Amino acid sequence: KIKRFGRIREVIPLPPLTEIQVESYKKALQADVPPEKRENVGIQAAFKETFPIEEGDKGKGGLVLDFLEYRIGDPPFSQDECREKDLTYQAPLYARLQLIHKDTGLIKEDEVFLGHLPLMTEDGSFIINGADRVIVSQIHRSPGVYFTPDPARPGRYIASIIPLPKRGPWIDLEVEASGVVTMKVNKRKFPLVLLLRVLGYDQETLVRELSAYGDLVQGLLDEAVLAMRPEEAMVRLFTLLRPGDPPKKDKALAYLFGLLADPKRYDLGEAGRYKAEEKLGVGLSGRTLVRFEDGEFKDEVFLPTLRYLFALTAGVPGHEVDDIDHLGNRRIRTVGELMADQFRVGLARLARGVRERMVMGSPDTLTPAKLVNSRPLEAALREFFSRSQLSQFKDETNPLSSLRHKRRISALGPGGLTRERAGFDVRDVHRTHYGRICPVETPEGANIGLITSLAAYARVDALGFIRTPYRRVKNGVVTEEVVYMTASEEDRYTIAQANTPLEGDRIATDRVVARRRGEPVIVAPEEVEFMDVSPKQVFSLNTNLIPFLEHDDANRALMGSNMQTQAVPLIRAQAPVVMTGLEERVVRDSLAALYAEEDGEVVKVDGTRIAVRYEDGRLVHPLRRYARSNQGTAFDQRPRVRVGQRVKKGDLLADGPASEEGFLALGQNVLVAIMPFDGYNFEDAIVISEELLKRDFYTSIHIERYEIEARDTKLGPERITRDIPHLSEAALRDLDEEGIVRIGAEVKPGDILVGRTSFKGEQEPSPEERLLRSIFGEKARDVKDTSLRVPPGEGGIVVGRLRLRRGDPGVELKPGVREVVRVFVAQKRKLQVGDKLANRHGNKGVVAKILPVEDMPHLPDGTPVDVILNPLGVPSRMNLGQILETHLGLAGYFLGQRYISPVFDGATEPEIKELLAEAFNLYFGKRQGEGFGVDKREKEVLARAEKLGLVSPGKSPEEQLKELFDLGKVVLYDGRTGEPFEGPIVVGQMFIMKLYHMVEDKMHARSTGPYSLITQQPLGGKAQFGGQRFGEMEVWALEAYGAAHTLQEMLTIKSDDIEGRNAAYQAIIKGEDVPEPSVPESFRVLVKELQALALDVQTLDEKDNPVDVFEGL
Amino acid sequence: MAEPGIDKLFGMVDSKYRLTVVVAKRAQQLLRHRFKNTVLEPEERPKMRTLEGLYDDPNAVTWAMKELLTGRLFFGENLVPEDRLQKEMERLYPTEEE
Amino acid sequence: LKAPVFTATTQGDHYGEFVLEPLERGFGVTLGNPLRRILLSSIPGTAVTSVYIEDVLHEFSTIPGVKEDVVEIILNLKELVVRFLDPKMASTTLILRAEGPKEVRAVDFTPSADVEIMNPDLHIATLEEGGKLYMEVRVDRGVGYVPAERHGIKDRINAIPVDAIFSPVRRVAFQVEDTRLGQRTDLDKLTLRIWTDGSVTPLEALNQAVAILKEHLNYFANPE
Amino acid sequence: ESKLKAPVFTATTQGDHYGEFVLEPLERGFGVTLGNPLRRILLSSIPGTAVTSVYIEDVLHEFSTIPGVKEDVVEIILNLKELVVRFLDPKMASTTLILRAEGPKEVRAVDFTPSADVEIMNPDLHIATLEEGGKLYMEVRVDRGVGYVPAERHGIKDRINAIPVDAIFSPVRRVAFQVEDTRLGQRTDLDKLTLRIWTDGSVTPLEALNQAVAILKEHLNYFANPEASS
Ligand SMILES: CO[C@H]1/C=C/O[C@@]2(C)Oc3c(C)c(O)c4c(O)c(c(/C=N/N5CCN(C)CC5)c(O)c4c3C2=O)NC(=O)/C(C)=C\C=C\[C@H](C)[C@H](O)[C@@H](C)[C@@H](O)[C@@H](C)[C@H](OC(C)=O)[C@@H]1C
């Protein structure tokens, strides 16, 4: 019983969502295609790109070496086998080269063993060194040229972007006050007529033939001295490039910055010609400037823009087009692209090495595999993958999360001029980009805009670049839009009339303005490409997950959009009552759950593996059980069906960590009743009814991991033993079998999680001791009890252990580090006082109290409510639709129904009312069933609600109930007082998820414990644990106050002042006396720290000449 | 509401920090060493409440604020010798335990 | 007047609307609630205290050959309601062995002594192709709600102690209708129902209840 | 070491009223379970003695003013309401009260026809002031009641001319109670009832409570012998 609400849906959200990646790497890692086809980008590009290593003297003798195929292949171990042994799931990539000569010879070392390449799991990410990571896609200005208004003072400039940050120079031509036209390639500033001269243009042939309608020229001529002779020119320019190299005429170097598609080419033809040609005059060719034609250089783009500049400086073509942020200039470097360039980088070093060898060595002693030293593609490539800031940890608290992590567009990346946390033009940028093909309400905090998500239906098709959404054009198809799409306007979804949508007023979007209704009403070829396949496309994948966004105010809606992520799989996930269609997917493209293959059948046996789907061959399916999450969430997989076929409205076949059977179920939906509660729901705190716990509802499991490394220090090998000195207490083997704790070994804080022994020789015991030792058989010792022990964290049953030691296979371990024990501990975490409950509409609040079913608002029939979500502020303050759900709540409680009310499409107040008309003729239908009806209380109420003009007076009591039910909710007693709550109190089944916080993890408490021997303030220890911070703000607080003593205490008797400190842990342990300081441990060390620099800090008393007696001990 | 009549104390002293200071040293010489410097022992002594009944509270400042709202005590440049200010404490059994 | 009509439409171990009659305009709840209160709270019951399974170290497991999952298994048993047929038993320990294919629904427990698996069916474990389950699962007599505090020692090894939910009362409400002749349409018509129960009977809940409230009421005896 | 299964009931016996009481350790969920019904019942069900119908020779209804009398019907009317009578032997359904008014002097609730078996608990009580026109004659009625009752009982008595006042019979006249948590028993979430019965409509506080404690007790009984259906 699932009631849908809606309209149209011409296509699909576009699988697999994890397509930004996945289908990205592959098309970059072309590999999987017979070495005959596939031509550019990534893998091969970088290959072909990296020009065949030339050598000494431009083709004078032997040694050329060209590249042929590439071979990814025979992978090392195996996923899981990696994460286990900390192996970076890679694969051998060798490449077939063949150096040429000039004395007969064409050697070809097959394969030529080479660097390793990390593969992308089916999931769409990589395992690096054991842990899971995802390559977040950044955005920069799409290669080209756009000019832009000179920020200084009115007077535009010219910027010339390059293919990708790490490739080609980012030039800028600026018309200035003092100087006139500066060409600033990389780090330089040289007159612009200078390069022009070389290129050819110059006095008269240049100006008075280029620049006329807008002077600005007398200055472009001042150094005509430069514009008097090319060649000598390159040299003056060359001589303008540090350091003092040979002014000798070269052409080389400038054999780049234009010449050879080697360090300056947006190749193919796309993204560069199209740009300028449709910005500048028109016409061009692959790369700026063109040399090696025959001596001189035939430039393409340089003066025409200088031209198009002045035209923008008093002319008409104007267009101050800047980093216009128009996603017609916002490139999106997919992983493969990011991973590509890094592969480019590697070769930008492989070669250096080869060129180096080509020389030294002898022509015949030289052959591939020898000039090649497969070290650069490693490092330069492994360094990127797991050492970038764009190569993050896997967010995996709830299945949606990790999914979302790929659908993410980053911007705080490494790219060139890539807005740093506060890069030049932070704010302003953030702003919603009218180009709505990227989430409109996803950002977080203090990091606004920069980190956006991605439109659901966004991007797909021959991808040169930028997101492009979907748009109808009269049933046709969808024509993958194009950010700089003008297609005579688009008409916002709705007005549907089967196929002709008779409107008269088509609410449509054209360019920017929400222009009324162009009304092209062309029916066929829909007003250009008007219409939008569903509204979802104006939104991000996890926002969609809001059954009533339409009402939810954008802003607050983001506190749900985001927050939702911070979920955390529970034991009884349950999809959400009201829910928007998408859920049937987000947890299926997440590959978090198991998907049957061809047809049906089964066999199984049940448990730790759905045993095959008996159609054709056979494949027992292992079910990732009580694993472990990056966030320590603990995602697992439940199964389904004994003997069946392929599907039933879903070929699920075993759930996952949050699917209510293929239905993303982040949290559990329960019954709430709005209304303050004697103060337990203040500000935003929620009130739980113990019941929840009793029925193990919001309970969540978490399995932590611990780690002790057995070093080797020059005092005696650090070893994991069960014979820990004097620890003898029946603890060791009371658990810890043969060294490490056992499984199921329930653990408390303090136990010997894992124990090992160091040698550390602090002192040599003189006799007397060895004597007593000998005498009182005090067998000497050479070992410390350095164990592992479970920290202040309550501990919990020991879910599993793992052991890794060198000598073992793949295992690569920190020099010296011999063996590295690992132990996972589980923790069923029910629900406590603290924790954020936060739902979908962003009603994030922390739990305050959990009342006994005793108290708590009694519904009439006696059922208790579940959560007492406060109204105050909350909705009014935040204005949202967390209500339309609570209303369609009971109207889905008694009617036993789940509901599909998608974003901006259906589930209308009146329909809900109908759905509320029903459920009553039963909810109340029961009273006149069990044999009851309206009691002296509901009489009191109604006769007060109607007074509050809430109910239609004149109707009967009973009639007033249905009235007061298709909105609020029946009287609603108070099991605590026995009486009622004058004035109805709306009730319903919201749906509150439970975020990753849950108190426990927060809250420590120090009194003394561990003192640090490096700094000297409270912290780092082993026994108990604590430490707290006193960041200046609190200092002012005290200053502003007057707790001088209370202050000097937090910089003395409580941290560094060893004397005073002790005076504290003693003056108390003693009794009737409190901490008596005097000389501050700090003042005493300021003088004897300045004296080191040979400064006398004579301390003087009142009379100036009573000269202190400090440190006089 | 607050303490044993703060407003009352803030009246006596002039500089709000005075009272703070006097009440401080006070308790810090009261049950800080001795215990027999009370002025509330006639029948107006601070007592608590737990399982077996009352029991004056170890909180020294407590008495002070109450022993100060009383009548005894003084403060200024009086008693001069801080030395003989505690030396006289010898004339009447002090010391603690270790 | 001076006397009510303690009507009592009973049932078969559950339900149990219990009507008083012409109650003075007001007492409908003076009595009507405290009972429902008590009924829900304090009152003896029977709850699963601890459970040991064949080849299972501790919770967070996965018995080969069974569909379910020990947690689930324990999440289900958490609902088993046993009757005791006697009064001397701090508790007993149920048993259960199950072969190859089938469902270990509640019933399947060891038919034994003063113990009524009041709630058969109660899907306990859809095991199959690998009949393997032997379980020893305690069942103490408790009161109220007592979680992972009351250790499930017993089998001192893999007890994997389970949460306890003792109250046999499964829900309670009470109409205060007005439909009597007594003296001037005023009076309340109390009528609590002490709905569903674990093992015990509403008339017993309703009774035991009136007891505690009378027992406490007393306390306002001798003042100091 | 003190609390267990035997809470300490602590009174305050302010005397004629304000019976601040304090039974203590109670399992979370009884400071309510008890405090309320008592408080509830306290405000109601409890024998009384409240003027309920008045007659003052001369002007009919209540909306008036009798010359040579500083007050006006209502003021007197209301005064009367604060009158505290008490009856001697059991067989006194209600003996009326009549009055004698003199010159300027005050008409305390004492002047009342000093009838035995019915002594006005409260001597003073303004009642009304009269001067150079010492008329004011009244023969007010009194009654035995349960709680509180408006102008619906009708002041029969003196047939016509009654301006029947409201039936405020219940010695208790305000009942509050807050159950804070205390942790004598180690556990820190135990209940601490505490009541405070303001009564003076005649009967003492502790009396009210106990009496009501009985009132509830007895009713509980009812849940004894049943007549069910299968
Ligand atoms: C190697 O990557 C690093 C580069 C740093 O350098 C630097 C300058 O470049 C960054 C880039 C390129 C980002 O894209 C980024 C980011 O996307 C993000 C946060 C931080 N956001 N959180 C602040 C705290 N709050 C409670 C939640 C939101 C960031 O600070 C950064 C960030 C940087 O600081 N997040 C979000 O947008 C949101 C909304 C959610 C993300 C989910 C979880 C939280 C993450 O997955 C966690 C688990 C980790 O991935 C990070 C710690 C990465 O560290 C590692 C080792 O993995 C870090 C990105």
# chains A, B, ... in the order shown; residues from 1 in each chain; ligands from 1
call {"tool": "interface_residues", "arguments": {"of": "chain A", "to": "chain C", "cutoff": "6 Å", "atoms": "only C-alpha atoms", "output": "ChimeraX atom specification"}}
result
/A:605-607,744,854,861-862,935-936,978
call {"tool": "closest_atom_pairs", "arguments": {"of": "segment 65-131 of chain D", "to": "segment 201-204 of chain D", "cutoff": "10 Å", "atoms": "only C-alpha atoms", "output": "tab-separated table"}}
result
residue	atom	partner	partner_atom	distance
D:82	CA	D:201	CA	8.1
D:83	CA	D:201	CA	8.2
D:84	CA	D:201	CA	5.8
D:85	CA	D:202	CA	7.0
D:86	CA	D:202	CA	6.6
D:87	CA	D:202	CA	9.9
D:120	CA	D:202	CA	9.7
D:121	CA	D:202	CA	7.2
D:122	CA	D:202	CA	9.3
call {"tool": "residues_near_ligand", "arguments": {"ligand": "ligand 1", "cutoff": "10 Å", "atoms": "only C-alpha atoms and all ligand atoms", "output": "ChimeraX atom specification"}}
result
/A:131-138,385-397,401-402,404-405,408-414,419-421,442-453,562-563,565-566,630-631,996-997
call {"tool": "select_by_dssp", "arguments": {"residues": "chain B", "states": "helix (DSSP H, G or I)", "output": "number ranges by chain"}}
result
B: 6-12, 16-27, 60-68, 82-87
call {"tool": "write_last_selection", "arguments": {"atoms": "C-alpha atoms", "output": "PDB file, in the first residue's frame"}}
result
ATOM      1  CA  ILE B   6      24.557  39.133  48.910  1.00  0.00           C
ATOM      2  CA  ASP B   7      22.865  42.491  48.546  1.00  0.00           C
ATOM      3  CA  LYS B   8      23.388  42.855  52.275  1.00  0.00           C
ATOM      4  CA  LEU B   9      27.130  42.283  51.994  1.00  0.00           C
ATOM      5  CA  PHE B  10      27.574  44.455  48.911  1.00  0.00           C
ATOM      6  CA  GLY B  11      26.242  47.156  51.164  1.00  0.00           C
ATOM      7  CA  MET B  12      28.813  46.859  53.913  1.00  0.00           C
ATOM      8  CA  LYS B  16      32.481  45.102  45.333  1.00  0.00           C
ATOM      9  CA  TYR B  17      35.892  43.393  45.237  1.00  0.00           C
ATOM     10  CA  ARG B  18      36.456  44.245  48.872  1.00  0.00           C
ATOM     11  CA  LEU B  19      33.780  41.878  50.179  1.00  0.00           C
ATOM     12  CA  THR B  20      35.048  39.273  47.695  1.00  0.00           C
ATOM     13  CA  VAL B  21      38.559  39.683  49.106  1.00  0.00           C
ATOM     14  CA  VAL B  22      37.656  39.805  52.790  1.00  0.00           C
ATOM     15  CA  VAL B  23      35.235  36.872  52.611  1.00  0.00           C
ATOM     16  CA  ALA B  24      38.063  35.069  50.830  1.00  0.00           C
ATOM     17  CA  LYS B  25      40.939  35.541  53.255  1.00  0.00           C
ATOM     18  CA  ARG B  26      38.402  35.204  56.035  1.00  0.00           C
ATOM     19  CA  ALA B  27      37.381  31.677  55.167  1.00  0.00           C
ATOM     20  CA  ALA B  60      34.592  27.885  54.334  1.00  0.00           C
ATOM     21  CA  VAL B  61      33.382  30.933  52.355  1.00  0.00           C
ATOM     22  CA  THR B  62      29.903  29.973  53.533  1.00  0.00           C
ATOM     23  CA  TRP B  63      30.404  30.846  57.174  1.00  0.00           C
ATOM     24  CA  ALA B  64      32.351  33.948  56.270  1.00  0.00           C
ATOM     25  CA  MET B  65      29.571  35.525  54.250  1.00  0.00           C
ATOM     26  CA  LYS B  66      27.357  34.693  57.234  1.00  0.00           C
ATOM     27  CA  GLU B  67      29.979  35.458  59.873  1.00  0.00           C
ATOM     28  CA  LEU B  68      30.515  38.788  58.079  1.00  0.00           C
ATOM     29  CA  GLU B  82      50.535  40.318  59.250  1.00  0.00           C
ATOM     30  CA  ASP B  83      53.169  38.388  61.171  1.00  0.00           C
ATOM     31  CA  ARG B  84      51.628  38.946  64.595  1.00  0.00           C
ATOM     32  CA  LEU B  85      48.380  38.515  62.679  1.00  0.00           C
ATOM     33  CA  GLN B  86      49.086  34.790  62.524  1.00  0.00           C
ATOM     34  CA  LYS B  87      51.529  34.641  65.417  1.00  0.00           C
TER      35      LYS B  87
END
call {"tool": "interface_residues", "arguments": {"of": "chain A", "to": "chain D", "cutoff": "8 Å", "atoms": "only C-alpha atoms", "output": "list in words"}}
result
residues 854, 855, 976 and 977 of chain A
call {"tool": "atom_distance", "arguments": {"atom1": "atom CA of residue 650 of chain A", "atom2": "atom CA of residue 460 of chain A"}}
result
25.6 Å
call {"tool": "closest_residue", "arguments": {"among": "B:50, B:15, B:28, B:37", "to": "chain D", "atoms": "only C-alpha atoms"}}
result
B:50
call {"tool": "atom_distance", "arguments": {"atom1": "atom CA of residue 376 of chain A", "atom2": "atom CA of residue 119 of chain A"}}
result
18.1 Å
call {"tool": "interface_residues", "arguments": {"of": "chain D", "to": "chain B", "cutoff": "8 Å", "atoms": "only C-alpha atoms", "output": "PyMOL selection string"}}
result
chain D and resi 1-2+184
call {"tool": "interface_residues", "arguments": {"of": "chain D", "to": "chain C", "cutoff": "10 Å", "atoms": "only C-alpha atoms", "output": "VMD selection string"}}
result
chain D and resid 5 to 12 21 to 24 26 to 27 29 to 30 32 to 41 44 to 45 206 209 to 210 213 to 214 216 to 230
call {"tool": "residues_around", "arguments": {"residues": "residue 109 of chain D", "least_positions_apart": "6", "cutoff": "12 Å", "atoms": "only C-alpha atoms", "output": "PyMOL selection string"}}
result
chain D and resi 51+76+79-85+97-101+119-129+138+140
call {"tool": "interface_residues", "arguments": {"of": "chain B", "to": "chain A", "cutoff": "9 Å", "atoms": "only C-alpha atoms", "output": "list in words"}}
result
residues 17, 28, 31, 32, 33, 34, 58, 96, 97 and 98 of chain B
call {"tool": "select_by_dssp", "arguments": {"residues": "segment 11-209 of chain C", "states": "strand (DSSP E)", "output": "PyMOL selection string"}}
result
chain C and resi 18-19+44-46+51-53+91-96+135-143+145-146+164-165+174-175+191-192
call {"tool": "closest_residue", "arguments": {"among": "A:853, A:847, A:692, A:554", "to": "residue 169 of chain C", "atoms": "only C-alpha atoms"}}
result
A:853
call {"tool": "residues_around", "arguments": {"residues": "residue 89 of chain C", "least_positions_apart": "2", "cutoff": "10 Å", "atoms": "only C-alpha atoms", "output": "PyMOL selection string"}}
result
chain C and resi 84-87+91-92+114+139-141
call {"tool": "write_last_selection", "arguments": {"atoms": "C-alpha atoms", "output": "compact mmCIF listing (two decimals), in the first residue's frame"}}
result
# COMPACT_ATOMS: atom_id res chain seq x y z
CA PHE C 84 4.43 -19.01 35.07
CA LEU C 85 1.61 -21.15 36.48
CA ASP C 86 3.18 -20.87 39.93
CA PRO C 87 4.69 -18.63 42.56
CA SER C 91 12.72 -17.81 36.78
CA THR C 92 13.45 -20.78 34.66
CA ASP C 114 4.74 -24.10 34.75
CA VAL C 139 13.25 -15.85 31.81
CA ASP C 140 13.29 -14.16 35.24
CA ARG C 141 10.46 -12.49 37.02
call {"tool": "atom_distance", "arguments": {"atom1": "atom CA of residue 188 of chain D", "atom2": "atom CA of residue 57 of chain B"}}
result
20.8 Å
call {"tool": "residues_around", "arguments": {"residues": "residue 705 of chain A", "least_positions_apart": "4", "cutoff": "7 Å", "atoms": "only C-alpha atoms", "output": "number ranges by chain"}}
result
A: 822-825
call {"tool": "write_last_selection", "arguments": {"atoms": "C-alpha atoms", "output": "tab-separated table (two decimals), in the first residue's frame"}}
result
chain	number	residue	atom	x	y	z
A	822	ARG	CA	44.50	-4.24	15.29
A	823	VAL	CA	41.38	-4.89	17.36
A	824	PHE	CA	37.75	-3.86	16.63
A	825	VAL	CA	35.22	-3.34	19.43
call {"tool": "closest_residue", "arguments": {"among": "D:31, D:69, D:78, D:155", "to": "residue 178 of chain D", "atoms": "only C-alpha atoms"}}
result
D:31
